[PDB]
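A.B. asks: Structure: protein_33.cif, mmCIF, C-alpha atoms and all ligand atoms.
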```cif
data_protein
#
loop_
_atom_site.label_atom_id
_atom_site.label_comp_id
_atom_site.auth_asym_id
_atom_site.auth_seq_id
_atom_site.Cartn_x
_atom_site.Cartn_y
_atom_site.Cartn_z
CA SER N 1 15.38 26.45 6.97
CA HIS N 2 13.38 28.43 4.42
CA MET N 3 13.92 25.62 1.91
CA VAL N 4 12.22 23.15 4.24
CA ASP N 5 9.08 25.27 4.52
CA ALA N 6 8.19 24.27 0.95
CA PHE N 7 7.80 20.58 1.92
CA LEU N 8 5.44 21.32 4.80
CA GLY N 9 1.91 19.91 4.48
CA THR N 10 -0.15 16.85 3.56
CA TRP N 11 0.83 14.92 0.43
CA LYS N 12 -1.10 12.26 -1.49
CA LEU N 13 0.42 9.67 -3.84
CA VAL N 14 -0.84 10.08 -7.40
CA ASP N 15 1.78 8.04 -9.26
CA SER N 16 4.47 5.39 -8.93
CA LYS N 17 7.25 3.80 -10.96
CA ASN N 18 9.35 0.77 -9.96
CA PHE N 19 8.25 0.71 -6.33
CA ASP N 20 7.62 -3.04 -6.43
CA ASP N 21 11.15 -3.52 -7.80
CA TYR N 22 12.60 -1.28 -5.08
CA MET N 23 10.92 -3.26 -2.29
CA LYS N 24 12.09 -6.48 -3.92
CA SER N 25 15.65 -5.09 -3.90
CA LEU N 26 15.35 -4.48 -0.15
CA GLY N 27 14.14 -8.07 0.23
CA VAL N 28 10.41 -7.50 0.82
CA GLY N 29 8.60 -10.71 -0.19
CA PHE N 30 6.03 -10.82 -3.02
CA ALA N 31 3.09 -11.10 -0.63
CA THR N 32 3.88 -7.85 1.21
CA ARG N 33 4.88 -6.08 -2.01
CA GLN N 34 1.44 -6.79 -3.54
CA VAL N 35 -0.17 -5.15 -0.51
CA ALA N 36 2.17 -2.15 -0.28
CA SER N 37 2.07 -1.59 -4.06
CA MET N 38 -1.70 -1.48 -3.98
CA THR N 39 -1.96 1.32 -1.39
CA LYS N 40 -1.98 5.04 -2.14
CA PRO N 41 -0.49 6.46 1.06
CA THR N 42 -0.55 9.95 2.50
CA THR N 43 2.56 11.61 3.91
CA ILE N 44 2.33 14.47 6.38
CA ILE N 45 5.41 16.66 6.72
CA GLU N 46 5.53 18.99 9.72
CA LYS N 47 8.02 21.26 11.49
CA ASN N 48 8.24 22.19 15.18
CA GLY N 49 11.17 24.53 15.57
CA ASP N 50 14.28 22.42 15.00
CA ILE N 51 12.42 19.12 14.75
CA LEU N 52 10.96 17.75 11.52
CA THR N 53 8.26 15.10 11.69
CA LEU N 54 7.33 12.89 8.79
CA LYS N 55 4.20 10.77 9.01
CA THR N 56 3.00 8.15 6.56
CA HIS N 57 -0.63 7.04 6.78
CA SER N 58 -1.94 4.05 4.81
CA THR N 59 -3.92 0.79 5.13
CA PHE N 60 -0.65 -1.11 4.72
CA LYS N 61 1.28 0.60 7.49
CA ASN N 62 1.49 3.84 9.49
CA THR N 63 4.92 5.21 10.36
CA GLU N 64 6.25 8.29 12.10
CA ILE N 65 9.74 9.74 12.33
CA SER N 66 11.04 12.91 14.00
CA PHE N 67 14.51 14.28 13.48
CA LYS N 68 16.80 17.29 13.28
CA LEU N 69 18.57 18.04 10.01
CA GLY N 70 22.14 16.70 10.02
CA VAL N 71 21.70 14.66 13.22
CA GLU N 72 21.85 10.88 13.07
CA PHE N 73 18.86 9.00 14.46
CA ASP N 74 17.58 5.42 14.75
CA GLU N 75 14.62 4.37 12.61
CA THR N 76 12.46 1.30 12.15
CA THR N 77 11.24 1.28 8.59
CA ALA N 78 7.83 0.27 7.26
CA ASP N 79 9.37 -3.07 6.22
CA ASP N 80 10.91 -3.39 9.68
CA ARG N 81 14.55 -2.70 8.96
CA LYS N 82 16.34 -1.24 11.93
CA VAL N 83 18.55 1.41 10.35
CA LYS N 84 20.84 4.34 11.17
CA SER N 85 19.33 7.41 9.47
CA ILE N 86 20.28 10.99 8.69
CA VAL N 87 18.41 13.68 6.76
CA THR N 88 20.23 16.55 5.09
CA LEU N 89 19.30 19.46 2.82
CA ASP N 90 21.18 19.86 -0.49
CA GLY N 91 19.82 23.00 -2.06
CA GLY N 92 16.23 22.03 -2.78
CA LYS N 93 16.57 18.31 -2.13
CA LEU N 94 15.71 16.74 1.23
CA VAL N 95 18.11 13.79 1.31
CA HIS N 96 17.36 10.83 3.62
CA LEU N 97 20.15 8.22 3.99
CA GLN N 98 19.50 4.86 5.73
CA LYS N 99 22.37 2.54 6.76
CA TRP N 100 21.95 -0.99 8.12
CA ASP N 101 23.54 -4.43 7.72
CA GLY N 102 26.40 -3.05 5.57
CA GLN N 103 23.78 -1.68 3.15
CA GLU N 104 22.53 1.75 2.09
CA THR N 105 19.46 3.26 0.52
CA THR N 106 18.57 6.89 -0.12
CA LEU N 107 15.20 8.60 -0.07
CA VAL N 108 15.28 11.96 -1.87
CA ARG N 109 12.40 14.41 -1.92
CA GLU N 110 12.27 17.56 -4.00
CA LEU N 111 9.61 19.93 -5.21
CA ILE N 112 8.93 20.07 -8.92
CA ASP N 113 5.94 21.98 -10.31
CA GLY N 114 4.18 22.00 -6.95
CA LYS N 115 4.46 18.23 -6.74
CA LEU N 116 6.55 16.27 -4.25
CA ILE N 117 8.75 13.72 -5.98
CA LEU N 118 10.26 10.99 -3.82
CA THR N 119 13.10 8.95 -5.31
CA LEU N 120 14.05 5.73 -3.57
CA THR N 121 17.34 4.19 -4.57
CA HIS N 122 18.97 0.91 -3.63
CA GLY N 123 21.71 -0.31 -5.94
CA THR N 124 20.30 -0.52 -9.46
CA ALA N 125 16.69 -0.22 -8.16
CA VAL N 126 15.46 3.33 -8.66
CA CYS N 127 11.89 4.18 -7.71
CA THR N 128 10.04 7.41 -8.42
CA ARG N 129 6.99 8.28 -6.36
CA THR N 130 4.89 11.35 -7.15
CA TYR N 131 2.70 13.20 -4.64
CA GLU N 132 0.20 16.05 -4.98
CA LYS N 133 -0.34 18.54 -2.17
CA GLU N 134 -3.72 18.33 -0.45
CA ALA N 135 -3.84 21.69 1.35
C1 LIG E 201 12.96 -11.04 -8.85
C2 LIG E 201 13.27 -12.50 -9.04
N1 LIG E 201 12.28 -13.38 -9.16
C3 LIG E 201 12.58 -14.72 -9.34
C4 LIG E 201 11.52 -15.69 -9.47
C5 LIG E 201 11.80 -17.02 -9.64
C6 LIG E 201 13.15 -17.47 -9.70
CL1 LIG E 201 13.51 -19.13 -9.91
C7 LIG E 201 14.18 -16.57 -9.57
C8 LIG E 201 13.92 -15.18 -9.39
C9 LIG E 201 14.99 -14.23 -9.25
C10 LIG E 201 16.38 -14.71 -9.32
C11 LIG E 201 17.24 -14.56 -8.21
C12 LIG E 201 18.55 -15.03 -8.29
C13 LIG E 201 19.02 -15.64 -9.46
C14 LIG E 201 18.17 -15.80 -10.55
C15 LIG E 201 16.86 -15.34 -10.48
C16 LIG E 201 14.67 -12.89 -9.09
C17 LIG E 201 15.70 -11.83 -8.95
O1 LIG E 201 15.43 -10.87 -8.02
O2 LIG E 201 16.75 -11.68 -9.60
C1 LIG E 202 7.63 -15.47 -4.99
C2 LIG E 202 9.12 -15.51 -5.13
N1 LIG E 202 9.71 -16.60 -5.59
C3 LIG E 202 11.08 -16.61 -5.71
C4 LIG E 202 11.72 -17.79 -6.21
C5 LIG E 202 13.08 -17.86 -6.35
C6 LIG E 202 13.88 -16.75 -5.98
CL1 LIG E 202 15.56 -16.86 -6.16
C7 LIG E 202 13.31 -15.59 -5.49
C8 LIG E 202 11.90 -15.49 -5.34
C9 LIG E 202 11.23 -14.32 -4.83
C10 LIG E 202 11.93 -13.09 -4.41
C11 LIG E 202 11.91 -12.74 -3.04
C12 LIG E 202 12.53 -11.57 -2.60
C13 LIG E 202 13.17 -10.74 -3.53
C14 LIG E 202 13.18 -11.09 -4.89
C15 LIG E 202 12.56 -12.25 -5.34
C16 LIG E 202 9.86 -14.34 -4.73
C17 LIG E 202 9.16 -13.14 -4.22
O1 LIG E 202 8.94 -13.15 -2.86
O2 LIG E 202 8.80 -12.14 -4.85
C1 LIG E 203 9.31 6.01 2.53
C2 LIG E 203 8.80 4.59 2.49
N1 LIG E 203 9.65 3.57 2.41
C3 LIG E 203 9.13 2.29 2.36
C4 LIG E 203 10.04 1.19 2.28
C5 LIG E 203 9.57 -0.10 2.25
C6 LIG E 203 8.17 -0.36 2.29
CL1 LIG E 203 7.66 -1.98 2.25
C7 LIG E 203 7.26 0.68 2.37
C8 LIG E 203 7.72 2.02 2.40
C9 LIG E 203 6.83 3.15 2.50
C10 LIG E 203 5.38 2.95 2.53
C11 LIG E 203 4.70 2.73 1.32
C12 LIG E 203 3.32 2.53 1.33
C13 LIG E 203 2.62 2.55 2.55
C14 LIG E 203 3.30 2.76 3.76
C15 LIG E 203 4.68 2.97 3.75
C16 LIG E 203 7.36 4.41 2.52
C17 LIG E 203 6.53 5.62 2.63
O1 LIG E 203 6.12 6.19 1.45
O2 LIG E 203 6.18 6.19 3.66
#
```
Could you show the structure in this file as structure tokens?
C.D. replies:
Amino acid sequence: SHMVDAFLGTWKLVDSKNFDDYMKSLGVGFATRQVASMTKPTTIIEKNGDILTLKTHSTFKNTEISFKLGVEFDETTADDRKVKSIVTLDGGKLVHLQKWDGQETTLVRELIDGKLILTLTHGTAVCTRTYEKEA
């Protein structure tokens, strides 16, 4: 859509809250958390007609997903969960839902003041990750 166009580009992490707690909630062990916490990853968001691609680049792990809005797709996460995923658009918010093993976690991205804010939720664990556009 025209709402999606605003997310397009290269984004760099400049701040983080509760990410270690989030990973813990998912079951990521201390050793891996220490490593993933330390990194300051870059996320590339691109569009190719109907297909959105989302790339994360970092020393900890590189991941890439492509998908169409509203169409369920399989995903292997950075922490190696095999999940059923679906990305929707609620107004300004790009809402990513992952299901697996009777569990659910949401990854919401919205634009606020030219910054991309990613909110990762799993149960009581709520993580806020702030990105600045590189352009
Ligand atoms: C994050 C953490 N770190 C710990 C380190 C050491 C020990 Cl012994 C326990 C914990 C626990 C914990 C888990 C179940 C019952 C009670 C505590 C937790 C927790 O996630 O709740
Ligand atoms: C190092 C350690 N020691 C523990 C001792 C006891 C219990 Cl119950 C839990 C832990 C945990 C833990 C593992 C996953 C999620 C949450 C906590 C850890 C940790 O890997 O971070
Ligand atoms: C969205 C997401 N979900 C995750 C869930 C669990 C773990 Cl362990 C890592 C991630 C990561 C990630 C964080 C740092 C470097 C690389 C990837 C990301 C990501 O920002 O791309």
A.B. asks: Counting all atoms listed in the file, note down every residue that has an atom within 7 Å of the point (1.4, 15.1, -1.4) (file coordinates), as a VMD selection string.
C.D. replies: chain N and resid 10 to 13 42 to 43 115 to 116 131 to 134
A.B. asks: Please produce a file of the residues just selected, as an mmCIF file, in the frame of the given file, where the atoms kept are C-alpha atoms.
C.D. replies:
```cif
data_model
loop_
_atom_site.group_PDB
_atom_site.id
_atom_site.type_symbol
_atom_site.label_atom_id
_atom_site.label_comp_id
_atom_site.auth_asym_id
_atom_site.auth_seq_id
_atom_site.Cartn_x
_atom_site.Cartn_y
_atom_site.Cartn_z
ATOM 1 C CA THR N 10 -0.150 16.850 3.560
ATOM 2 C CA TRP N 11 0.830 14.920 0.430
ATOM 3 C CA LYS N 12 -1.100 12.260 -1.490
ATOM 4 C CA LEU N 13 0.420 9.670 -3.840
ATOM 5 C CA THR N 42 -0.550 9.950 2.500
ATOM 6 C CA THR N 43 2.560 11.610 3.910
ATOM 7 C CA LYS N 115 4.460 18.230 -6.740
ATOM 8 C CA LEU N 116 6.550 16.270 -4.250
ATOM 9 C CA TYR N 131 2.700 13.200 -4.640
ATOM 10 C CA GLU N 132 0.200 16.050 -4.980
ATOM 11 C CA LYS N 133 -0.340 18.540 -2.170
ATOM 12 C CA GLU N 134 -3.720 18.330 -0.450
#
```
A.B. asks: Quick one: residues within 12 Å of ligand LIG 202 (chain E), with all atoms listed in the file, as a list in words?
C.D. replies: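 My answer, listing the contacting residues, is residues 20, 21, 22, 23, 24, 25, 26, 27, 28, 29, 30, 31, 32, 33, 34 and 125 of chain N.
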A.B. asks: Counting all atoms listed in the file, which protein, DNA or RNA residues come within 7 Å of ligand LIG 203 (chain E), given as a PDB file with C-alpha atoms, keeping the file's coordinate frame?
C.D. replies:
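Final file, selection19.pdb:
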```
ATOM      1  CA  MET N  23      10.920  -3.260  -2.290  1.00  0.00           C
ATOM      2  CA  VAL N  28      10.410  -7.500   0.820  1.00  0.00           C
ATOM      3  CA  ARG N  33       4.880  -6.080  -2.010  1.00  0.00           C
ATOM      4  CA  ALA N  36       2.170  -2.150  -0.280  1.00  0.00           C
ATOM      5  CA  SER N  37       2.070  -1.590  -4.060  1.00  0.00           C
ATOM      6  CA  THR N  39      -1.960   1.320  -1.390  1.00  0.00           C
ATOM      7  CA  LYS N  40      -1.980   5.040  -2.140  1.00  0.00           C
ATOM      8  CA  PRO N  41      -0.490   6.460   1.060  1.00  0.00           C
ATOM      9  CA  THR N  43       2.560  11.610   3.910  1.00  0.00           C
ATOM     10  CA  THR N  56       3.000   8.150   6.560  1.00  0.00           C
ATOM     11  CA  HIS N  57      -0.630   7.040   6.780  1.00  0.00           C
ATOM     12  CA  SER N  58      -1.940   4.050   4.810  1.00  0.00           C
ATOM     13  CA  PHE N  60      -0.650  -1.110   4.720  1.00  0.00           C
ATOM     14  CA  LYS N  61       1.280   0.600   7.490  1.00  0.00           C
ATOM     15  CA  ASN N  62       1.490   3.840   9.490  1.00  0.00           C
ATOM     16  CA  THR N  63       4.920   5.210  10.360  1.00  0.00           C
ATOM     17  CA  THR N  77      11.240   1.280   8.590  1.00  0.00           C
ATOM     18  CA  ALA N  78       7.830   0.270   7.260  1.00  0.00           C
ATOM     19  CA  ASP N  79       9.370  -3.070   6.220  1.00  0.00           C
ATOM     20  CA  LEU N 107      15.200   8.600  -0.070  1.00  0.00           C
TER      21      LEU N 107
END
```
A.B. asks: What is the CA of residue 54 in chain N to CA of residue 126 in chain N distance in Å?
C.D. replies: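 Taking CA of residue 54 in chain N and CA of residue 126 in chain N, their separation equals 21.5 Å.
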A.B. asks: I want to know what sits within 12 Å of residue 69 in chain N, based on all atoms listed in the file, with residues of the same chain fewer than 4 positions away left out; could you give that as an MDAnalysis selection string?
C.D. replies: chainID N and resid 1 4 47 49:53 73 85:90 94:97
A.B. asks: Could you please determine the separation between atom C10 of ligand LIG 201 (chain E) and CA of residue 105 in chain N in Å, to one decimal place?
C.D. replies: 20.7 Å
A.B. asks: Centre and edge lengths of an axis-aligned box around all listed atoms of range 61-69 of chain N, with 8 Å added on each side, are to be given in Å to one decimal, as AutoDock Vina command-line options.
C.D. replies:
```
--center_x 9.9 --center_y 9.3 --center_z 10.7 --size_x 33.3 --size_y 33.4 --size_z 22.5
```
A.B. asks: Out of N:46, N:15, N:84, N:75, which residue has the shortest atom-to-atom distance to residue 118 in chain N when counting all atoms listed in the file?
C.D. replies: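 Ranked by minimum distance to residue 118 in chain N, first place goes to N:15.
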A.B. asks: Rounded to one decimal place, report the CA of residue 35 in chain N-CA of residue 100 in chain N distance in Å.
C.D. replies: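 So the two atoms, CA of residue 35 in chain N and CA of residue 100 in chain N, lie 24.1 Å apart.
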A.B. asks: Counting only C-alpha atoms, what is within 7 Å of range 6-9 of chain N, bar same-chain residues fewer than 5 positions away, as a PyMOL selection string?
C.D. replies: chain N and resi 44-46+135
A.B. asks: Tell me which of N:108, N:92, N:122, N:117 sits closest to residue 3 in chain N, counting only C-alpha atoms.
C.D. replies: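 Closest to residue 3 in chain N, using only C-alpha atoms: N:92.
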A.B. asks: Please reconstruct the missing atoms of range 47-67 of chain N (target: N, CA and C atoms) and return them as an mmCIF file, in the frame of the given file.
C.D. replies:
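Listing of rebuild.cif after writing:
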```
data_model
loop_
_atom_site.group_PDB
_atom_site.id
_atom_site.type_symbol
_atom_site.label_atom_id
_atom_site.label_comp_id
_atom_site.auth_asym_id
_atom_site.auth_seq_id
_atom_site.Cartn_x
_atom_site.Cartn_y
_atom_site.Cartn_z
ATOM 1 N N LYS N 47 6.858 20.663 10.851
ATOM 2 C CA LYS N 47 8.020 21.260 11.490
ATOM 3 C C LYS N 47 7.587 21.764 12.862
ATOM 4 N N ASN N 48 8.467 21.631 13.848
ATOM 5 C CA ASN N 48 8.240 22.190 15.180
ATOM 6 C C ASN N 48 9.549 22.743 15.703
ATOM 7 N N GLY N 49 9.863 23.964 15.291
ATOM 8 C CA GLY N 49 11.170 24.530 15.570
ATOM 9 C C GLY N 49 12.220 23.738 14.822
ATOM 10 N N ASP N 50 13.162 23.174 15.572
ATOM 11 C CA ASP N 50 14.280 22.420 15.000
ATOM 12 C C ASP N 50 13.903 21.027 14.519
ATOM 13 N N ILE N 51 12.773 20.511 14.993
ATOM 14 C CA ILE N 51 12.420 19.120 14.750
ATOM 15 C C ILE N 51 11.417 18.926 13.614
ATOM 16 N N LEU N 52 11.827 18.147 12.618
ATOM 17 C CA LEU N 52 10.960 17.750 11.520
ATOM 18 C C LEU N 52 10.299 16.428 11.846
ATOM 19 N N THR N 53 9.006 16.344 11.550
ATOM 20 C CA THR N 53 8.260 15.100 11.690
ATOM 21 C C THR N 53 7.729 14.700 10.326
ATOM 22 N N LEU N 54 7.754 13.408 10.068
ATOM 23 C CA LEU N 54 7.330 12.890 8.790
ATOM 24 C C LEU N 54 6.431 11.694 9.053
ATOM 25 N N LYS N 55 5.154 11.824 8.711
ATOM 26 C CA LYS N 55 4.200 10.770 9.010
ATOM 27 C C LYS N 55 3.660 10.153 7.734
ATOM 28 N N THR N 56 3.684 8.826 7.655
ATOM 29 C CA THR N 56 3.000 8.150 6.560
ATOM 30 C C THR N 56 1.767 7.419 7.075
ATOM 31 N N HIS N 57 0.630 7.687 6.441
ATOM 32 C CA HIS N 57 -0.630 7.040 6.780
ATOM 33 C C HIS N 57 -1.130 6.207 5.606
ATOM 34 N N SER N 58 -1.375 4.920 5.841
ATOM 35 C CA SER N 58 -1.940 4.050 4.810
ATOM 36 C C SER N 58 -2.501 2.759 5.409
ATOM 37 N N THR N 59 -3.357 2.060 4.658
ATOM 38 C CA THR N 59 -3.920 0.790 5.130
ATOM 39 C C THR N 59 -2.841 -0.276 5.336
ATOM 40 N N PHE N 60 -1.741 -0.155 4.604
ATOM 41 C CA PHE N 60 -0.650 -1.110 4.720
ATOM 42 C C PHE N 60 0.145 -0.928 6.008
ATOM 43 N N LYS N 61 0.394 0.321 6.379
ATOM 44 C CA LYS N 61 1.280 0.600 7.490
ATOM 45 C C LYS N 61 1.263 2.092 7.788
ATOM 46 N N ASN N 62 1.291 2.450 9.073
ATOM 47 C CA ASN N 62 1.490 3.840 9.490
ATOM 48 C C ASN N 62 2.830 3.963 10.185
ATOM 49 N N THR N 63 3.595 4.983 9.804
ATOM 50 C CA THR N 63 4.920 5.210 10.360
ATOM 51 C C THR N 63 5.086 6.676 10.744
ATOM 52 N N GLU N 64 5.951 6.927 11.716
ATOM 53 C CA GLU N 64 6.250 8.290 12.100
ATOM 54 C C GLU N 64 7.694 8.460 12.541
ATOM 55 N N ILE N 65 8.389 9.401 11.910
ATOM 56 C CA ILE N 65 9.740 9.740 12.330
ATOM 57 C C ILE N 65 9.906 11.237 12.630
ATOM 58 N N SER N 66 10.659 11.533 13.685
ATOM 59 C CA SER N 66 11.040 12.910 14.000
ATOM 60 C C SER N 66 12.552 13.016 14.060
ATOM 61 N N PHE N 67 13.077 14.143 13.599
ATOM 62 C CA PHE N 67 14.510 14.280 13.480
ATOM 63 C C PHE N 67 14.925 15.726 13.307
#
```
